[PDB]
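Input: a single structure, listed below in structure tokens.
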Amino acid sequence: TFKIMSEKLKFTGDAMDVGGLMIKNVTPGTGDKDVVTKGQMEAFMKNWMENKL
Amino acid sequence: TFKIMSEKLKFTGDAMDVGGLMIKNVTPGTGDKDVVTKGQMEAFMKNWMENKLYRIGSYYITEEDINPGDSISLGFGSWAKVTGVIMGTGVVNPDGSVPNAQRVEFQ
Amino acid sequence: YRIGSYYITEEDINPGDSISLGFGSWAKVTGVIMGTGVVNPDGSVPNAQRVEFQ
């Protein structure tokens, strides 16, 4: 962990990682691929295209 | 911090966070519940729930109900909406009386 | 077919800003019937197809 960040040497705006942070567990904050699934549930099941639409 | 940093032990993909990050105010990246509100307003205020729009549903619940989206004021609509047009503009109908249509006029 | 009371183009910044917006005349009729057929219910010959002018 320490050695890899040494070659970075540019972390000034906090993390600024070159990856995509492909891991997270829960919360409406950092968004995983479930945001798209969450969006279509809100759009179809309960907000826009409700039952009998 | 070192103990919890060693506790996760799964540092392989650079950062490898475990937390949920519940301290934010406004940023182009991580967003609080405000991002949910932004999506709904775009889809409701100007996207789907347009002013004077007609919505058809099998449930007898208003759009402001807890079960429905629960946003904006919902009003019942009577009759259908037809685009403005003049009957017999091209004289296509033979032996037909010329009909006159008034814009924004209901009759 | 999309119906809205706002005089804003579908591609405009105020509208959804996607797809091409075209004026639509009359109301959309479900494909299966065309309306007036027979005084006593017998049914006339309906029309079908999309974009077809008949």
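Residue numbers (the numbering used here), protein chains in the order written: chain A, 283 to 335; chain B, 2 to 108; chain C, -1 to 52. Backbone N, C-alpha and C define an ideal beta-carbon position, used for all residues, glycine too.
Bounding residues of the alpha helix (DSSP H) (the contiguous stretch that carries residue 321/A): 316 to 322
Exposure label - residue 2/C; buried when at least 16 CB within 10 Å: buried
Chain-ordered chain B contacts of residue 318/A [CB-CB under 8 Å]: Within 8 Å Cβ-Cβ: nothing; residue 318/A doesn't reach chain B, min ~12 Å.
Where residue 4/B sits in the DSSP three-state scheme: helix
CB contact check: residue 13/C to chain B, cutoff 8 Å: With 8 Å as the cut-off, residue 13/C counts as an interface residue toward chain B.
Chain-ordered residues of the stretch 77 to 92 of chain B with a beta carbon less than 8 Å from chain C: 81, 82, 83, 84, 86
Proximal residues to residue 97/B (C-beta, below 7 Å), its chain only, five neighbours per side dropped: Excluding residues within five positions, the ones whose Cβ falls inside 7 Å are 89.
Residue 295/A at chain B interface by Cβ criterion, 8 Å: Judged by the 8 Å Cβ criterion, residue 295/A is not in contact with chain B.
Collapsed DSSP secondary structure at residue 12/C in the structure displayed: coil
Distance, residue 42/B Cα to residue 13/C Cα: Per the coordinates, the alpha-carbon of residue 13/C lies some 12 Å from the alpha-carbon of residue 42/B.
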